[PDB]
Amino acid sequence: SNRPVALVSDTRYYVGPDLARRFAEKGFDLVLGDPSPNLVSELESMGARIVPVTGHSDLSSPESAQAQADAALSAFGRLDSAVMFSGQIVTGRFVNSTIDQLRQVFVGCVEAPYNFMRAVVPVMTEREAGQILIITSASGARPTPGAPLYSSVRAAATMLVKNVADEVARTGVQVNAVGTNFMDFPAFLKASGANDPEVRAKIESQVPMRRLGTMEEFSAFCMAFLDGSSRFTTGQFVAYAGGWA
């Protein structure tokens, strides 16, 4: 393939569709987790060749991650950029929590990015080139009122990224993390009660920047670690949360 190839692990939700659009704008070919037919059509009109991978977007197994990485090599014979997000918010006071909740949040927030990096890193170290962005959470960077177990496991995910980054830095492969809070997408609006307009104003009051962030603006930020234009930073965590972190 003459064009660079990006893997977006999940295009069903959150920033996934917008990441694919940014990559198509940057002249990438794409391997996408479970893209809608419409998203595939849109990206193809932007001049991007698209290879959908179905059923492995939860990265719930080493096999799921390997299938996504293998799809890039099978289709295009290269993999230049790879990005994933995972996990669901778990809320409730520590003193009312259970060991089972901690185990469940660990799976989505740590096993998933573990599996992704275990599959993708060897592909890129072999090429002595590549950019990996692991989207964790801003909740990993600070104590998070009402989400103590969630915050704890997100911190492990971010530190895993920093550890992997340091281990492979000499190969030229970059591994970075970003993490959000107070973003405007369905799963958050439902969990936060933001869907009511009056409630959304209350949620905004918590945010220093007094608003929710967009998938569009977050996807543009993510390109700083994925579009190939900037290659001399690794092991970073950046919060994307309106100044909350």
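Numbers follow the displayed sequence, beginning with 1.
Stretches 213 to 221 and 54 to 62 differ in mean C-alpha B factor, with the higher average recorded for 54 to 62. Mean CA temperature factor is higher for 38 to 46 when stretches 174 to 182 and 38 to 46 are set side by side in the entry. The PDB entry assigns its highest CA temperature factor, among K162, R142, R93, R154, to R93. Placement of the Cα temperature factor of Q101 within the chain: middle third of the modelled residues, per the deposited record.
Sorting the modelled residues of the chain by their CA temperature factor places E126 in the highest third. In this PDB entry, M84 carries a Cα temperature factor that places it within the lowest third of its chain's modelled residues.
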